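Visitor: Compute the structure for the input listed below.
(chains A, B, C, D and E, ligands or ions: 11)
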Amino acid sequence: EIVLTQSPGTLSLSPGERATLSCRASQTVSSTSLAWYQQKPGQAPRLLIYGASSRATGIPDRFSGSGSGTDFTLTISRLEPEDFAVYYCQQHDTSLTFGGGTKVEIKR
Amino acid sequence: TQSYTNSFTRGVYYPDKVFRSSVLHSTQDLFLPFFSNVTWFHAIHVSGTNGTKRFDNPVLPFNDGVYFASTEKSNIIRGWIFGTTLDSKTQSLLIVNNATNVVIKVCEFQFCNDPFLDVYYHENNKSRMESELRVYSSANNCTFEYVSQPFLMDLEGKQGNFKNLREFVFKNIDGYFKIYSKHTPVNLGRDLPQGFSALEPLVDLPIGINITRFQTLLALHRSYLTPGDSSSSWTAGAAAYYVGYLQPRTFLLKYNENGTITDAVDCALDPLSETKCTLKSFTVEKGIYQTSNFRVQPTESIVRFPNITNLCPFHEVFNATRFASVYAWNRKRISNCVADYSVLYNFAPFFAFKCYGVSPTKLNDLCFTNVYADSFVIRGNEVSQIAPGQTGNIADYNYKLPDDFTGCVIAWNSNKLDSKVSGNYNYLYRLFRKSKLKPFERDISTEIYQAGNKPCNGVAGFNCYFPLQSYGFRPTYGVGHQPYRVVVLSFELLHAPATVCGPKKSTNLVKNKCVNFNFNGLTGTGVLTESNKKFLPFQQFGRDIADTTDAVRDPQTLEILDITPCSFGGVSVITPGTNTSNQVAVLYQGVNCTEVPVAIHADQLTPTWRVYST
Amino acid sequence: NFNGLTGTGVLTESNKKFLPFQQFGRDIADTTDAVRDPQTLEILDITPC
Amino acid sequence: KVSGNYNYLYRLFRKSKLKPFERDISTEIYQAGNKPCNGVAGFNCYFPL
Amino acid sequence: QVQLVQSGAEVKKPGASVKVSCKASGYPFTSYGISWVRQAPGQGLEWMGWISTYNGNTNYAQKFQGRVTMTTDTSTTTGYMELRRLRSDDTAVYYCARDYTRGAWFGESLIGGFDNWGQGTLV
Ligand SMILES: *[C@@H]1O[C@H](CO)[C@@H](O)[C@H](O)[C@H]1NC(C)=O
Ligand SMILES: *[C@@H]1O[C@H](CO)[C@@H](O)[C@H](O)[C@H]1NC(C)=O
Ligand SMILES: *[C@@H]1O[C@H](CO)[C@@H](O)[C@H](O)[C@H]1NC(C)=O
Ligand SMILES: *[C@@H]1O[C@H](CO)[C@@H](O)[C@H](O)[C@H]1NC(C)=O
Ligand SMILES: *[C@@H]1O[C@H](CO)[C@@H](O)[C@H](O)[C@H]1NC(C)=O
Ligand SMILES: *[C@@H]1O[C@H](CO)[C@@H](O)[C@H](O)[C@H]1NC(C)=O
Ligand SMILES: *[C@@H]1O[C@H](CO)[C@@H](O)[C@H](O)[C@H]1NC(C)=O
Ligand SMILES: *[C@@H]1O[C@H](CO)[C@@H](O)[C@H](O)[C@H]1NC(C)=O
Ligand SMILES: *[C@@H]1O[C@H](CO)[C@@H](O)[C@H](O)[C@H]1NC(C)=O
Ligand SMILES: *[C@@H]1O[C@H](CO)[C@@H](O)[C@H](O)[C@H]1NC(C)=O
Ligand SMILES: *[C@@H]1O[C@H](CO)[C@@H](O)[C@H](O)[C@H]1NC(C)=O
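Guide: Numbering: from 1, shown residues only, chains lettered A, B, ... in the order given. Ligands and ions are numbered 1, 2, ... in the order given. Coordinates below:
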């Protein structure tokens, strides 16, 4: 199997700055395998991006995604700090293994 | 002082503006039926000088227009209200008539009937009532305004005996408010005499709402001649206020050589009137004639389907990822289940439904014997190739659709579903073949094409090219080469025991009554009775020699029945000379009186006339 | 070319009694027979060739 | 508009079909599902505009 | 209008089995399967399992072959997790989600991820 590799170690940014997330795989994940989740502290996961740039639960102006083949990126602009949820990514074509994850803090 | 009297002959008017002479043109329009109840409504607000709480001014529905006749002195009745609830939830109108002006406008005012009715407002003390409107007291979004000249010509008949008979007809068919009207003071005092008079048109302008209720404007600051009472049940009481309700009827109308309407008849009042309408004349000779044809109508409806329960796996076929190539697709068969078609189109509107024989809205009622589902992914441009009689690169060597294909084809974009930076080499299509494909079969075969005169034995060299071409998708290219996931639903309507139906409730089985039935898609009306037939275990339908069903076995009870048509026949009118008498004698062709003509019921006999006790 | 109504024929005076709101004259053929001049308000007649 | 034009509106939820050349401008919440909100504008009560 | 609820916390001794009920309502329990997944603090989730509606066909991963056998009751409308051969530190939260990644009858995988999840059972 293939386990995801993540190196957005810390999103040390204040609200208003751009946030970029990467979900580079091991060798290949085809474009028809994409899932993104927000893991809020002490809550349950929910789907936000199930593909390239589609919406699952509202997504007014923040959650965006793009990429093609070996690279996939997620973009957040004008972030509102109420959520500060963990950015989780998932592939589907090569078995199934959730990504490492990335906690989002506040940077007081 | 509500009262009820007869309308007699009244309400004829020109339906157009073209000139005619010595013509018997007949029309079908909204009119006032002859010999109808005309009721004097009476808004009752006057007593001495005190407030006199009355709870009057009833809401009068504006049903199919209104006929409004009056004998009003100067201006006691001024305007009218049309609209719904006159508040900030439904659009409202304002139609007020000045001395000589009209101030029609559109607004959404919540309340306007507060003109400060004075204690000393009685006309016996003073008749001064000017600007007593206090209208559009609120206006959130009120923009549509309007002004024009007066509609009624305020003329005085210089006496009370020859009062101005004022007649309006109000209708709002597809906007364009009609105000056909006429003034006539000839009457010597009595109410609604015998005579004829056509009504001329004035003006029409479009506004557009579901106008529902009607009420005239009274001079709320100047009122009299409205005593308090509760008269009803066909009585008499002075009101100086009339009302009449139109209906859609057919009329026969004669034009004088000068161009003026002289006489008219309503075709749906008397068998004599029906005879006069059928043949265009006002005198009918002694004899026998045919007028119409009666037929009993159904009373209810029933549906009986099998007791099958199970959801067809439309979710499984639509939602998937391992669809194969065009040349080698997959076929699936739907088993005994009920299929919910709502999720197909009511949700997720991606591409067009592209129905060919059945419409998406007309589904969920008809039933099917089997359903086929095929899935493949093709060129975005090759979508148009999936149609009967259409040729193309894939329409001849990859997939052939028959001429009379029924059902629908469903496709949606697959940009995320299929896009590789290196391309997709797992998708193939046959390019070269000996002959055009007959519809609905596979041409999968591992062989090297033989073009020209080179008998390749597996060389695959010159003039020997692989028929299957690696399609090679792209992740970043525009539309057309972008993937389109295509699925096709193939129906068939074959007279066999139905298998997959829609979701419908199975009611009880009524019998010995004219009803509407639906036995697994056999729509019709008749009388279901017992049958003595000898249906074999595999038999389903009975038949006479017309391709007409006349015996149906119950689906969920396994009992055979007999189907009979409704009682049917013609109508004849036997009358003497029209100048000798006016009585007639109606003949009902080929029916027993005991069956149904012994009595007429509501909406169960096409001849409207029922002047007989039967 | 009386506000449309293209055709051919002979125009002459009439004796019709067109009311003020009347504009068109017809026979029982769905064919025009009389017409009022827009620029003069005069009752003309139409007779074919 | 660089931030996006939002001054132009369109209705989404309405009870039934539309008659030709007719307007149903209103300011109310929509009754959907089984919850008749009286101004809460919560779940199953979507803003049609 | 998805409705997914889970039972309370449970503690079981080694050698027994843990039985947890996930109740589903508001949607027809035949269009999509239910995936059961496990979360522990400091790490992401895995491919614990996916369960169909009508039969026992599944998409079990290659990690826990021989033990993962859940059940579903369409009459009770409940997914029953009956994990046997308990391990010492299996204490983690369990999410039952309306999966959108596996197909029931013919086994073909779906598109996407996990749209709606459960409330979580902590063991
Ligand atoms: C008019 O109404 C009265 C009762 O309001 C009724 O008895 C009478 O039959 C009606 N007239 C006609 C012609 O139906
Ligand atoms: C009429 O109104 C006056 C003034 O309010 C009042 O004094 C009088 O009692 C009223 N009439 C009757 C019969 O009550
Ligand atoms: C109403 O009519 C009177 C006289 O007939 C005129 O003086 C007045 O201006 C009219 N009202 C309006 C609003 O024009
Ligand atoms: C009539 O109305 C006038 C005001 O127009 C008022 O002064 C007077 O008292 C009223 N009554 C009589 C009997 O004139
Ligand atoms: C209507 O009037 C209200 C007044 O409160 C205003 O807020 C609104 O913008 C106006 N237009 C519409 C379309 O409601
Ligand atoms: C008008 O009629 C009623 C008003 O009572 C309203 O509910 C309905 O939606 C309207 N229909 C049309 C066709 O305007
Ligand atoms: C109709 O016209 C004739 C001759 O043109 C005339 O004698 C007759 O009075 C007219 N009828 C009327 C005006 O009612
Ligand atoms: C199916 O439903 C009908 C309802 O009348 C019932 O009579 C019948 O027994 C049921 N199925 C069977 C056992 O034939
Ligand atoms: C009917 O008979 C009367 C004699 O009573 C006669 O005056 C009249 O003209 C006759 N009807 C017709 C149409 O001739
Ligand atoms: C008509 O009904 C009567 C009533 O019993 C019956 O005797 C007669 O036979 C019926 N007519 C026919 C043709 O059967
Ligand atoms: C049309 O114009 C002519 C020439 O200016 C004039 O004589 C005629 O009266 C006008 N038409 C009307 C109806 O006034």
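Visitor: State the distance from the closest residue to ligand 1 within chain E to residue E:120.
Guide: For chain E, the residue closest to ligand 1 is residue E:1, as judged by Cβ to the nearest ligand atom, at 52.0 Å. C-beta coordinates here come from the backbone N, C-alpha and C atoms, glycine included. Distance of residue E:1 to residue E:120, given as Cβ to Cβ, to the nearest Å: 21 Å.
Visitor: who's more crowded, the two?
Guide: Ranked by neighbour count (other Cβ atoms under 10 Å in any protein chain shown), residue E:1 and residue E:120 place residue E:120 first, with 17 against 9.
Visitor: Quick check: that one touching residue E:7?
Guide: No. The pair residue E:120 / residue E:7 is not scored as a contact, 10.5 Å apart, by Cβ atoms under 8 Å.
Visitor: Could I get the contacting residues of residue 7?
Guide: In the absence of a named chain, chain A is used. Contacts for residue A:7 (Cβ atoms under 8 Å, 6 or more residues apart in numbering or on different chains) come out as A:22, A:24.
Visitor: oops, chain B please
Guide: Per Cβ under 8 Å, 6+ apart, neighbours of residue B:7: B:32, B:34, B:35, B:36, B:37, B:38, B:192, B:244.
Visitor: Which ones among the residues you listed map onto strands?
Guide: By the criterion of DSSP state E, membership of the contacts of residue B:7 in strands covers B:37, B:38, B:244.
Visitor: Tell me the bridge partners for the second one.
Guide: Taking DSSP bridges, one finds residue B:5 as the beta-bridge partners of residue B:38.
Visitor: If you tally nearby residues, what's the number for it?
Guide: 20.
Visitor: That one and residue B:321: what is the separation?
Guide: 74 Å.
Visitor: Equivalent analysis for the first one, please.
Guide: Here the criterion is Cβ to Cβ. By it, residue B:37 lies 72 Å from residue B:321.
Visitor: Tell me which of those two has more neighbours.
Guide: Using other Cβ under 10 Å as the criterion, residue B:37 and residue B:321 rank with residue B:321 on top: 20 against 12.
Visitor: That one reaches residue E:111, doesn't it?
Guide: Yes. Taking Cβ under 8 Å as the definition, residue B:321 is a contact partner of residue E:111 at 6.0 Å.
Visitor: where do the contact lists of those two overlap?
Guide: In contact with both residue B:321 and residue E:111: A:32, B:417, using Cβ under 8 Å, 6+ apart.
Visitor: Residue B:600 - nearest residue in space that isn't next to it in sequence?
Guide: Spatially, and ignoring its direct neighbours in sequence, residue B:600 is nearest to residue B:610 (4.6 Å; Cβ to Cβ, 6 or more residues apart in numbering or on different chains).
Visitor: okay, now that neighbour: neighbour count?
Guide: Neighbour count of residue B:610, defined by other Cβ under 10 Å: 12.
Visitor: mind pulling up the phi and psi values for it?
Guide: Main-chain torsions, residue B:610, degrees, to the nearest 10: phi -140, psi 40.
Visitor: how much space is there between the residue nearest the centre of chain E and chain A?
Guide: Among the residues of chain E, the one closest to the centroid is residue E:36, at 2.3 Å (Cα atoms, centre = their mean). Residue E:36 sits 13 Å away from chain A, going by Cβ to the nearest Cβ, to the nearest Å.
Visitor: How about residue B:276?
Guide: 70 Å.
Visitor: still on that earlier bit, name the nearest of the contacts of residue B:7 relative to residue A:87.
Guide: Minimum distance to residue A:87 across the contacts of residue B:7 is 74.2 Å, recorded for residue B:244 (Cβ to Cβ).
Visitor: Run through the bridge partners of the closest one.
Guide: residue B:67.
Visitor: Spatially nearest residue to the single nearest residue of chain B relative to chain A, not counting backbone neighbours?
Guide: At 3.2 Å from chain A, residue B:421 is the closest residue in chain B, using Cβ to the nearest Cβ. The shortest distance from residue B:421 to any non-neighbouring residue, by Cβ to Cβ, 6+ apart, is to residue A:69 (3.2 Å).
Visitor: How about the contacts made by the one you found?
Guide: A:28, A:30, A:31, B:419, B:420, B:421, B:422, B:475.
Visitor: And the helices in the chain, which stretches?
Guide: Just going to use chain A. Using DSSP state H, chain A contains no helices.
Visitor: try again with chain E
Guide: Taking DSSP H as the criterion, chain E carries no helices.
Visitor: buried ones in stretch B:396-408?
Guide: Using 16 or more other Cβ atoms under 10 Å in any protein chain shown as the test for burial, stretch B:396-408 gives B:396, B:397, B:398, B:399, B:400, B:401, B:405, B:407, B:408.
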